[PDB]
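Trainee: pasting an experimental structure, sequence included:
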Amino acid sequence: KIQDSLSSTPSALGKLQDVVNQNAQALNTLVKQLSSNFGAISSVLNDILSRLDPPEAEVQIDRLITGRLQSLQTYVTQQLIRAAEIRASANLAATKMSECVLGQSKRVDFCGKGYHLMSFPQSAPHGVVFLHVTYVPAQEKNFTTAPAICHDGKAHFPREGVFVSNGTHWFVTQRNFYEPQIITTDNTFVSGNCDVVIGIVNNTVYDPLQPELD
Amino acid sequence: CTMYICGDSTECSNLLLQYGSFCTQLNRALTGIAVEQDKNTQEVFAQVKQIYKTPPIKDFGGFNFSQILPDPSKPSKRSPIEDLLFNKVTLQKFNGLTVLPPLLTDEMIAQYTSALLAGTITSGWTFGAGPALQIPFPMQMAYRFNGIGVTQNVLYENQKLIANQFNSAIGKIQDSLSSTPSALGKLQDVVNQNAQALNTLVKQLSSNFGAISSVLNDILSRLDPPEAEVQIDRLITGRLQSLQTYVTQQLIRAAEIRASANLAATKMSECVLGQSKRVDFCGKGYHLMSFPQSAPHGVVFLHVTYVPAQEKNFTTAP
Amino acid sequence: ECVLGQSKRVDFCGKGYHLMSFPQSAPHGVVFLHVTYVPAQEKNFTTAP
Amino acid sequence: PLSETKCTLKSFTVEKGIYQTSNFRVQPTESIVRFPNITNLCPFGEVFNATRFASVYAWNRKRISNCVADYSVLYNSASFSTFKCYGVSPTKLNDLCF
Amino acid sequence: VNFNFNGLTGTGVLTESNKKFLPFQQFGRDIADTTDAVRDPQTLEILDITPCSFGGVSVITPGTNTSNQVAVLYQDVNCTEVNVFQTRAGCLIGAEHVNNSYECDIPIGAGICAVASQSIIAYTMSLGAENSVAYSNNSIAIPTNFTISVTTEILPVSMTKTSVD
């Protein structure tokens, strides 16, 4: 689908075409400034040197030199600002490479939308294109849940995951993929008694030792 | 250009055409930073496509969120804190120097903020990753403790206390903002310096730049062209130089604003849309979560940070 | 992210797995000493899912 | 407006978007000039045709105010060999008020 | 009108103003030394000079490669100074304001965006598909299946190494 979208959708590489176009168009405007006479009798130096002796051609060539110098100053300033912007973007790209390609980053939506798995770089003309292989849940189911399980007075909390029920039986499951498991003492831990924590349910928590005991 | 340098006068407009593409250059740069403003706002706020809506009943296990959710009784559908922020920030238009309105109006910006608050409250962080997955707030905040090495039991056995502390802190936010002047100092500084730059740019028209008068109308009325050219050329040169200086400084200030907006977007993405581990990036102390709040030409976060309290010494062995 | 606490974003507090860091004042600057954990002396093994 | 956009963008293919082109300024429909009821003529004849001119040591100065002055006659009169004006153009010197 | 007030040339509109001049001064000035009020001869009334109501002109165009239909936006001007739709930014003519909401195509100003069905439409932006979430104090949503998506993120690193002597 990546190759299909890249081949079919135009302006997919707009983030690069814009900077290329800006550079080329700035250069074009810089060239076009030569055509403007900046208030003097001609915009070409050879004419004013050819048909004006130096003592009064000084003023004309001075007008041209100062105007064109100011235009070059403006062009260089624009290039410097754009180079600073590209420098910031390049530092961002380097950070993204070192945090998404060279390793896995837990920073949400810094290596693509959704939970991030890995990334693949691809060289682009004056740029880099990232392929952020990310993990996204699709289909979700509702369940009745409870922050705790009270067993023989002791509370029980999930060591990792949450408590969920399909309406009739309870289960422990991880928080990003429904994978119910019967509640045993291995994936839950006890903390105090079950009269201080609100909104909890009475239930039983299995003990794996007992089935082999008996 | 035409209005700024010359206003209603073809006489100097003709001479201004002699300076080439300066005008299209400046107008293009200003349009670029203008559209970059809208890009910043959209990139920093529109992080979720689907607008979420808070549940009709505020049964969040004791956390009094009424201070940050939009208030229907308010005519502008803004929460009390955002209304206080708007009331705390206080905000040239005659010589062609106009101001275009922002693309995202304050109402829809507040709508994004309310959607983000509802998403965080109802689904924790999953709504920033994929589909929204509703989570009751005690469990969501128990997980957010679980992300900074504090097991769930601390929260569950201290639920009433933590809820009361959070409510009290939210209230103190209003008290701090209302009683402390310049609490919005950054936004006030940026708005004030932008308006001051505009005022200086306008004031530049009160300068002769070598000409015999600072208003081109009277020199046009009292000077024969074939010698008025030099005077009006000095005036145009100076005024255009001032415009270039203004545009350049605006470009640099807009680059700074771009950096700040990218930082703001990253902060919202990492602290709002999820819990961020990088210390001292989502507020002093261990971080839990945060709330965006729309502010005039800015954004205000409420970093909810867990901070240890009175400590006991112990004799320990590795 | 490096001095006041330990970071996990790779290649932000020095090459390799990051342990901690020390700031040092420098004329118109700062010099960090990122102390990082870098493995070595590897051995091949047969492994299974 | 489409042709004006083509003109400003210096191209034919215009990208899909919004483009600012110029400023809408309704032109003036007629021209009006307002000047006071003054009708007296200041003695320009008595100054340019004084009986005796004072020497530069005691150059004579004559105030002129509260009248209407016709620089047209003196400008057209070629009796003045040199007529050099700085800061104001002699052609429309009759236009302004002082 | 193009007016000439005692040599004080200018262009604009003369209106009535509550600016009560003291009996000595003639004409008032705004910042940047421009004439804003004046008392004229033969009536001495305090006329207020205001430049004829200006306004920028913008063009929404969907692209000449697709159509020649053009929408004209006269920003910050009420529709009493020449379909026609008023906006918070100005009045945009040449488009039909609709009630349905779509994603933005061409920005216009103040939450308004614009060819569709042989005509140019101007509409309030669709901020996104509204989606409430069935919250409660004991309801959990847990996915049963996932999907892996790859997104292309594009960042410039370098520009053309230009040089000028």
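Mentor: That came in fine, so what should we check first? Numbers count the residues shown, from 1 in each chain, chains lettered A, B, ... in the order given.
Trainee: tell me if I'm right that residue B:153 and residue A:192 touch.
Mentor: Yes. Counting by Cβ atoms under 8 Å, residue B:153 touches residue A:192, with 7.0 Å between them. Quick note: C-beta positions are derived from backbone N, CA and C, even for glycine.
Trainee: and the nearest residue to residue E:120 once chain neighbours are set aside, what is it in contact with?
Mentor: Leaving aside its sequence neighbours, residue E:120 sits nearest to residue E:95 (Cβ to Cβ, 6 or more residues apart in numbering or on different chains; 4.3 Å). With contact set as Cβ atoms under 8 Å, 6 or more residues apart in numbering or on different chains, residue E:95 has these partners: E:60, E:71, E:83, E:85, E:114, E:119-122.
Trainee: most surrounded residue in the residues you listed?
Mentor: The most crowded member of those, judged by other Cβ atoms under 10 Å in any protein chain shown, is residue E:60 (27 neighbours).
Trainee: hmm, back to that, okay if I get the contacts of residue E:95 as TSV plus secondary structure?
Mentor: As requested, the contacts of residue E:95 are exported to TSV (DSSP: H, G, I helix; E, B strand; the rest coil):
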residue	secondary structure
E:60	strand
E:71	strand
E:83	coil
E:85	strand
E:114	coil
E:119	strand
E:120	coil
E:121	strand
E:122	strand
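Trainee: closest one of those residues to chain B?
Mentor: residue E:114 (12.6 Å; Cβ to the nearest Cβ).
Trainee: you'd agree the closest one is up against residue E:102?
Mentor: No. With contact defined as Cβ under 8 Å, residue E:114 does not reach residue E:102; the gap is 10.0 Å.
Trainee: for these two, list the residues in contact with both.
Mentor: residue E:123.
Trainee: skip ahead from the helix or strand where residue A:157 lies and say which helix or strand is next.
Mentor: Assigned by DSSP states H and E, residue A:157 belongs to strand A:154-158. Using DSSP H and E, the helix or strand that follows strand A:154-158 towards the C-terminus is strand A:162-165.
Trainee: list the contacts of that next one.
Mentor: With contacts defined as Cβ under 8 Å, 6+ apart, strand A:162-165 is touched by A:143-149, A:170-173, A:175, A:178, A:180, A:183, B:139, E:140, E:142.
Trainee: quick one: the strands in chain D?
Mentor: Per DSSP state E, chain D carries strands over the ranges D:17-23, D:31-34.
Trainee: for chain A, what's the longest helix?
Mentor: The longest helix of chain A (DSSP state H) is helix A:54-96.
Trainee: for chain B, same thing?
Mentor: Looking across chain B with DSSP H, the single longest helix is helix B:225-267.
Trainee: so it, near chain A or not?
Mentor: Yes. Under the criterion of Cβ under 8 Å from any Cβ of the partner chain, chain A is reached by helix B:225-267 at B:233, B:241, B:244, B:248, B:251-252, B:255, B:258-259, B:262, B:266.
Trainee: which one of those is nearest residue B:161?
Mentor: Minimum distance to residue B:161 across the residues of helix B:225-267 next to chain A is 32.7 Å, recorded for residue B:266 (Cβ to Cβ).
Trainee: can you tell me the closest non-neighbouring residue to the residue in chain D that chain C sits nearest to?
Mentor: Nearest residue of chain D to chain C (Cβ to the nearest Cβ) works out as residue D:17 at 37.9 Å. Leaving out its chain neighbours, the residue that sits closest to residue D:17 by Cβ to Cβ, 6+ apart is residue E:106, at 5.6 Å.
Trainee: how about residue E:88?
Mentor: Nearest residue to residue E:88, sequence neighbours excluded (Cβ to Cβ, 6+ apart): residue E:110, at 3.4 Å.
Trainee: what sits against that neighbour?
Mentor: B:101-103, B:105, E:87-89.
Trainee: quick one: the nearest residue in space to residue D:28 that is not next to it in sequence and residue E:13, what's the gap?
Mentor: Spatial nearest neighbour of residue D:28, excluding adjacent residues (Cβ to Cβ, 6+ apart): residue E:2 at 4.2 Å. Using Cβ to Cβ, to the nearest Å, residue E:2 is found at 11 Å from residue E:13.
Trainee: same deal with residue A:178?
Mentor: Using Cβ to Cβ, we find residue A:178 at a distance of 72 Å from residue E:13.
Trainee: repeat for residue B:9
Mentor: For residue B:9, the distance to residue E:13 - Cβ to Cβ - is 18 Å.
Trainee: for residue B:288, same thing?
Mentor: 60 Å.
Trainee: looking at these two, which is more packed in?
Mentor: Set side by side, residue B:288 and residue E:13 show more neighbours around residue B:288, with 23 against 15, by other Cβ under 10 Å.
Trainee: you'd agree residue B:52 is in a strand?
Mentor: No. Counting by three-state DSSP, residue B:52 is not found in a strand; it is coil.
Trainee: looking at chain A, which strand is longest?
Mentor: Using DSSP E to define each element, chain A has its longest strand at strand A:127-145.
Trainee: can you tell me if that one touches chain B.
Mentor: Yes. Contact of strand A:127-145 with chain B (Cβ under 8 Å from any Cβ) involves A:136-138, A:140, A:145.
Trainee: same question for stretch A:181-195.
Mentor: Yes. Stretch A:181-195 reaches chain B (Cβ under 8 Å from any Cβ) through A:189, A:191-192.
Trainee: now do the buried residues in that stretch.
Mentor: A:183, A:187-188, A:190-191, A:194 (16 or more other Cβ atoms under 10 Å in any protein chain shown).
Trainee: for the longest strand of chain A, which strands pair with it and how are they oriented?
Mentor: Within its sheet, strand A:127-145 is paired with strand A:115-124 (antiparallel), strand A:162-165 (antiparallel), strand E:139-156 (antiparallel), according to DSSP bridges.
Trainee: which of those is buried the deepest?
Mentor: strand A:162-165 (a mean of 22; mean count of other Cβ atoms under 10 Å in any protein chain shown).
Trainee: ok, then the element right after that one?
Mentor: strand A:170-173.
Trainee: show residues contacting that following strand.
Mentor: Residues contacting strand A:170-173 (Cβ under 8 Å, 6+ apart): A:146, A:149, A:158, A:161-165, A:179-183, A:187-188, A:201, A:203, E:142.
Trainee: how about it as PDB, C-alpha atoms only?
Mentor: The C-alpha coordinates for strand A:170-173 follow below in PDB (Å, rounded to 0.1, in the frame of the first residue of the first chain):
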ATOM      1  CA  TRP A 170     -14.000 -12.600  35.600                       C
ATOM      2  CA  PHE A 171     -10.500 -12.700  33.900                       C
ATOM      3  CA  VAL A 172      -7.200 -10.900  33.900                       C
ATOM      4  CA  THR A 173      -6.000  -9.600  30.600                       C
END
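Trainee: contact partners for the nearest residue to residue B:52 once chain neighbours are set aside?
Mentor: Spatial nearest neighbour of residue B:52, chain neighbours left out: residue B:118 (3.9 Å); criterion: Cβ to Cβ, 6+ apart. With contact set as Cβ under 8 Å, 6+ apart, residue B:118 has these partners: B:52-54, B:69, E:133.
Trainee: same question, residue D:24
Mentor: With Cβ under 8 Å, 6+ apart, residue D:24 has these contacts: E:54-57, E:74, E:77.
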